[PDB]
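Colleague:
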Amino acid sequence: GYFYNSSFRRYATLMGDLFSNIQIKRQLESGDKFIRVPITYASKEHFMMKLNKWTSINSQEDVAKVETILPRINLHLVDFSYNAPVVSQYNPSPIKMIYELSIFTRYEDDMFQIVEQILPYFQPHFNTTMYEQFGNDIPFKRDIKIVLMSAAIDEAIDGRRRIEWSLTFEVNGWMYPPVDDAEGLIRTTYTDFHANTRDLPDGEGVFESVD
Amino acid sequence: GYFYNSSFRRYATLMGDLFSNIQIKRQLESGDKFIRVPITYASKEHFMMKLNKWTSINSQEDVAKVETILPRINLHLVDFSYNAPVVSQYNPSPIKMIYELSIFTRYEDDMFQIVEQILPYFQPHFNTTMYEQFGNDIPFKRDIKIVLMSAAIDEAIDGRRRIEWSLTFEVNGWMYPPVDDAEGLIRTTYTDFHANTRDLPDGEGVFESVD
Amino acid sequence: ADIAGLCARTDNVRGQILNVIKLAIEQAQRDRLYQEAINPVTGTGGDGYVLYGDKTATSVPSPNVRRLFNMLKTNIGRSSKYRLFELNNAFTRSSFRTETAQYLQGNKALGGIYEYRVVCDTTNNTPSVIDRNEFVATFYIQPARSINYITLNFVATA
């Protein structure tokens, strides 16, 4: 039920997956608990709607359940344009894509932890080599530069309530016309924040469903 | 019941027809279905009013007929100006025309498929040679540069509801005083995104009627 | 024994010989010996020199030219070690092709091979089709002084 080889999908998943594996330490009496921050891909308005829906206390079982929802991260594409330096597709077109990475948190401490795990790897840019192999041919090598563009700090109160910091990222990537999923599924690897070569998990694996 | 040799009309049709043949893949159990994305020419507000009229769930016969409406594309002229580089008309005047191409979609996947079929051919510009023949004379050769200027991403929610991405295009074309339809009908060809020399269909064929 | 070293020299593997002091023999016969593909030595006005470049040649054009080809073929085959290294794919067509091409092009630039068209003087074992097979290196190369392209095929396959 989706165009698996979508270039947009690959960039969304690449981005989602660099930030998929972030945990915060949460000190308990029995001992330290480390909790992973769940990430979604959605329009910001959408995400915030559903977030207000989850966080609403309708019954008594909600009271507890509600403080597990935060922290989270929402991700979305918000802009793209041609990236000014015979046919077109590997050789493909230099595109530039703009992503809003939105961290939401009930505690300043949670935020500090998360952002301390994101921020230092962008100086102001973070390089990654991406490998996309077609069927069984020699993989293609796409140089992907991700640049931290700006940050934005905000709240949304009620008596605590909710901290929102947003990072804006410029991905300098590559576009080409769609290659049908019937022509074979593209295999993708990349270098993470430590130059460790993970291979791109399917979309369904990285993002928790907002739906 | 319209000035057939209208230059504005020709450019509306040229633009509409480059984007006339865009399909999205839609997986079914019986097999993959490919559906063509229908294109209209209308002021944006107009299109959106009428789109809100179609999208309203009035009855049960309406409930199904909802996902046949989207995806679609609306096209319109939004600005023009002299294109600063004995009488006037072939030799004609360098003009510059601004088009808003508005893609609407119920699913991010739909959008990804469509835009991936557009975006890679504009780096940032796309050339097309147009041949306009008058009655039976020797054709005129007009070099048409279409430049992708910017893109703009938005929503409009209700519980899904509707994704809206808009591309803005600068057509670097040619204007001249009206040549009466009675003096003979203009024949027009152009090179598509693949340098395939199609001939420009009549207006009535490219755009579905918003009326 | 001598002319053989005289080859390791001139081009790749006919100009007076070094330490001779007399040859057993030194026009009709000479022309006869040529064609026979025999290497003669003739002495003119003193000092003997090689009449002709060599070889007891057979079905090929009459044309130095050989050494160019022999050398290329020998070198191309050695590159076979590379095949074991990787798998065969469309890409492998490239890569191997690029590697050999680089070698061939170098020969042209230095001089020694002329009119080398990378486009249709390189390898595709399978017939031009979607289907492909293992790669054999077939090349059409032309020695600089000879208006003829010779087709040589070396094969790396199962």
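Protein chains in written order, with the authors' numbering: chain A, 3 to 87, 105 to 178, 183 to 234; chain F, 3 to 87, 105 to 178, 183 to 234; chain U, 472 to 484, 496 to 508, 511 to 547, 552 to 646.
Don't be surprised by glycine CBs; every beta carbon is placed ideally from N, CA and C.
Below 8 angstroms CB to CB, which residues in the same chain sit around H48 of chain A once its five sequence neighbours on both sides are set aside?
Modeller: Within the same chain, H48 of chain A has close Cβ partners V233.
Colleague: Around the Cβ of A171 of chain A, are there at least 16 other Cβ atoms within 10 angstroms (buried) or fewer (exposed)?
Modeller: It is exposed - the Cβ of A171 of chain A has fewer than 16 other Cβ atoms within 10 Å.
Colleague: Along chain A, in chain order, which residues have C-beta atoms closer than 9 angstroms to that of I176 of chain F?
Modeller: By Cβ distance, chain A contributes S45, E47, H48, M51.
Colleague: Is the stretch 11–29 of chain F touching the stretch 131–150 of chain F in the sense that three or more CB pairs, one from each, lie closer than 8 angstroms?
Modeller: Short answer: they touch.
Colleague: Put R183 of chain A into one of helix, strand or coil per three-state DSSP.
Modeller: Coil at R183 of chain A, not helix or strand.
Colleague: If the criterion is Cβ atoms closer than 8 angstroms, does the pair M198 of chain F and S58 of chain F meet it?
Modeller: Contact flag unset, no.
Colleague: Can you give me the Cβ contacts of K164 of chain A inside the same chain, cut-off strictly under 7 angstroms, excluding the 5 residues immediately before and after it?
Modeller: Here the set comprises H144, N146, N195.
Colleague: DSSP three-state call for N595 of chain U: helix, strand or coil?
Modeller: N595 of chain U: helix per DSSP, three-state reduction.
Colleague: Could you confirm whether any beta carbon from chain U is found closer than 8 angstroms to the beta carbon of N54 of chain A?
Modeller: So no, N54 of chain A is outside the interface.
Colleague: Does chain F have any CB closer than 8 angstroms to the CB of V80 of chain A?
Modeller: Yes, contact with chain F.
Colleague: Looking at the unbroken beta strand (DSSP E) that takes in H78 of chain F, where does it start and where does it end?
Modeller: Note, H78 of chain F: beta strand (DSSP E), 74–84.
Colleague: Given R185 of chain F, which residues of its chain have a CB within under 8 angstroms of its CB, disregarding the five upstream and five downstream residues?
Modeller: Taken in chain order, the residues that qualify are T57, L72, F123, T124, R125, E174, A175.
Colleague: Cβ atoms of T220 of chain A and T211 of chain A: under 8 angstroms apart, would you say?
Modeller: No, the Cβ-Cβ distance between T211 of chain A and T220 of chain A is not below 8 angstroms.
Colleague: Which residue comes first and which comes last in the alpha helix (DSSP H) that contains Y13 of chain F?
Modeller: Counting along the chain, the alpha helix (DSSP H) containing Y13 of chain F begins and ends at 9–20.
Colleague: Please list the residues of the stretch 159–176 of chain F that have a C-beta atom closer than 7 angstroms to any C-beta atom in chain A, keeping them in chain order.
Modeller: Listed by position, the residues of the stretch 159–176 of chain F near chain A (Cβ gap below 7 angstroms) are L167, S169, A170, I172, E174, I176.
Colleague: Does DSSP put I474 of chain U in a helix, in a strand, or in coil?
Modeller: Three-state DSSP puts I474 of chain U in a helix.
Colleague: Considering only DSSP beta bridges, list what residue 95 of chain A is partnered with.
Modeller: For residue 95 of chain A, nothing is modelled; it lies in the interval where chain A passes from 87 to 105 with no residues in between.
Colleague: Give the list of continuous alpha helix (DSSP H) stretches no shorter than 4 residues that lie fully inside the stretch 553–630 of chain U.
Modeller: As far as the stretch 553–630 of chain U is concerned, its whole alpha helix (DSSP H) runs of at least 4 residues are 553–566, 569–573, 578–598.
Colleague: Is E151 of chain A helix, strand or coil by DSSP?
Modeller: Here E151 of chain A sits in strand by DSSP.
Colleague: Should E193 of chain F be flagged as near chain A, meaning a C-beta pair shorter than 8 angstroms?
Modeller: False, the Cβ-Cβ gap to chain A never drops below 8 angstroms.
Colleague: Determine the closest residue to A644 of chain U out of U:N636, U:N501, U:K561, with distance taken between C-alpha atoms.
Modeller: When only C-alpha atoms are compared, the closest one is U:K561.
Colleague: I need the DSSP call for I24 of chain F, collapsed to helix, strand or coil.
Modeller: Of the three classes helix, strand and coil, the one that applies to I24 of chain F here is coil, per DSSP.
Colleague: Indicate the three-state DSSP secondary structure (helix, strand or coil) for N483 of chain U in the structure shown.
Modeller: The answer is coil: DSSP assigns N483 of chain U none of H, G, I, E or B.
Colleague: First and last residue of the alpha helix (DSSP H) that includes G178 of chain F?
Modeller: No alpha helix (DSSP H) holds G178 of chain F; DSSP gives it neither H nor E.
Colleague: With DSSP collapsed to three states, give me the class of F145 of chain A.
Modeller: If DSSP states are grouped into helix, strand and coil, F145 of chain A belongs with the strands.
Colleague: Can the beta-carbon of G3 of chain A be found closer than 8 angstroms to that of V229 of chain A?
Modeller: No. Outside cutoff.
Colleague: If I'm right that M116 of chain F touches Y13 of chain F with Cβ under 8 angstroms, what's the distance once you round it to whole angstroms?
Modeller: Sure, about 6 angstroms apart at Cβ, within 8 angstroms.
Colleague: Determine the closest residue to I75 of chain A out of A:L138, A:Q62, A:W188, with distance taken between C-alpha atoms.
Modeller: Ranking A:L138, A:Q62, A:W188 by Cα distance to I75 of chain A puts A:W188 first.
Colleague: DSSP state of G527 of chain U, grouped into three classes?
Modeller: Strand, per DSSP.
Colleague: Just the Cα atoms here: how many angstroms apart are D538 of chain U and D609 of chain U?
Modeller: Their backbone Cα atoms lie some 28 angstroms apart in a straight line.
Colleague: Under a Cβ-count criterion, where at least 16 other Cβ atoms within 10 Å of its own Cβ denotes burial, should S45 of chain A be classed as buried or exposed?
Modeller: Buried: at least 16 other Cβ atoms inside 10 Å.
Colleague: List the residues of chain C whose Cβ lies closer than 7 angstroms to the Cβ of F579 of chain U, in chain order.
Modeller: This model lacks chain C altogether, as its protein chains are A, F and U.
Colleague: How about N577 of chain U and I157 of chain A: are their beta carbons less than 8 angstroms apart?
Modeller: Yes, these two residues count as a Cβ contact at 8 angstroms.
Colleague: Counting only Cβ pairs nearer than 8 angstroms, list the residues of chain A close to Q136 of chain F.
Modeller: In chain order: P200, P201.
Colleague: Taking only three categories from DSSP, how would you classify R516 of chain U?
Modeller: In this structure, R516 of chain U counts as helix in the three-state DSSP scheme.
Colleague: For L640 of chain U and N85 of chain A, I'd like the C-alpha separation in whole angstroms.
Modeller: About 46 angstroms.
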